[PDB]
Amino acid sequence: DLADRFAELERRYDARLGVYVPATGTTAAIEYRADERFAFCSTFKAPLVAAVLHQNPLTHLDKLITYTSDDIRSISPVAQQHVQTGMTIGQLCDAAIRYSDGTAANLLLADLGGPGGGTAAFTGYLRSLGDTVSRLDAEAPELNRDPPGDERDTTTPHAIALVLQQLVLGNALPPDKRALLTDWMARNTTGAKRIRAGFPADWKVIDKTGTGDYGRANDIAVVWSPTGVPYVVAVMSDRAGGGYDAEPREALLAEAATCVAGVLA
């Protein structure tokens, strides 16, 4: 029936939807199209920032980075103001998580090194986490625009949920570096209408959204029950049907999250 319900939401909203909540001690995994590739979009920033943290003294955050106005590529709510000033790595980390700024992400890929602008290093970070499925190949914003059926810059619900889970709840990071990342997510500003809107207001929710072309709209979150029991939730969607210009459907992500909250509850 939970399969039968996600597939209705797919009819109602005319989109592909993918769902993943890993198993815990007392609950089975929830999965609907958990292994199909979906575009990474802006969600990837959350592991990008773990990548940046797990490989540079906590003192690296204080490093100043200079860019030019030429550097800004896509959506940069934060970036434009500080261009003359510059931003530190820690300020970039924050802006990439709480605001999904394209430019900040761009720099922190450049700050990982290697070919592909950073994208080989970064996919390498994911591999270190046991994720052999995902891959990043472009920077902002070409990464949001690969066509349906194109493998590059794609993940699955299942893959990106097991990543998230080691970062936040797994010992993939030192307790202090772990606290930063969690706090940046706990204070995300881009996520009000997605997963957070599906869960009751007394569940704690921390997340990272993604939005793109072809009606792509993602959200990955770690939720805490009022009792303090944590779960990891990945929710992915798209609407290639309407082609490049298809509108993404948040209500979909937010509805799909209520079905999950009910199952968990």
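If you superpose the two forms and keep the largest set of C-alpha atoms that fall within 1.5 Å, you have the rigid core. Residue numbers here begin at 1 and follow the sequence given.
Novice: Say the other structures are aligned on the rigid core; which stretch then has the higher CA RMS in 4 other deposited structures of this protein, 78 to 86 or 177 to 185?
Specialist: Between 78 to 86 and 177 to 185, the one lying farther away in 4 other deposited structures of this protein is 78 to 86.
Novice: After fitting on the rigid core, which stretch moves more in 4 other deposited structures of this protein, 212 to 220 or 66 to 74, going by C-alpha RMS?
Specialist: Farther from the shown form on average in 4 other deposited structures of this protein: 66 to 74.
Novice: Mean Cα B factor from the PDB record: higher for 121 to 129, or higher for 137 to 145?
Specialist: Taking the mean B-factor of the alpha carbons in each, 137 to 145 is higher.
Novice: Which has the higher mean CA temperature factor in the PDB entry, 96 to 104 or 72 to 80?
Specialist: For C-alpha atoms only, the mean B-factor is higher in 72 to 80.
Novice: Going by the deposited entry, which of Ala28, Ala46, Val233, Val205 has the highest CA temperature factor?
Specialist: In this record, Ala28 carries the highest C-alpha B-factor of the candidates.
Novice: Per the entry's Cα B factor values, which of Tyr32, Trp224, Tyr67, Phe199 stands out as the maximum?
Specialist: Spelled out: the listed residue with the top C-alpha B-factor is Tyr67.
Novice: With respect to C-alpha B-factor, does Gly18 fall in the lowest, middle or highest third of the chain as deposited?
Specialist: CA B-factor rank for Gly18: lowest third.
Novice: Compare the C-alpha B factor of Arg216 with those of the other modelled residues in its chain, then answer lowest, middle or highest third.
Specialist: Lowest third of the chain for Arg216's C-alpha B-factor.
Novice: Once the chain's modelled residues are ordered by C-alpha B factor and cut into thirds, is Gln166 in the lowest, middle or highest one?
Specialist: It falls in the middle third of the chain.
Novice: Just say lowest, middle or highest third for the CA B-factor of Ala179 relative to the other modelled residues in its chain.
Specialist: For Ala179, whose C-alpha B-factor we compare with every modelled residue in the chain, the answer is the middle third.
Novice: So where's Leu53 on the chain's Cα temperature factor ranking, which third?
Specialist: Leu53: CA B-factor falls in the middle third of its chain.
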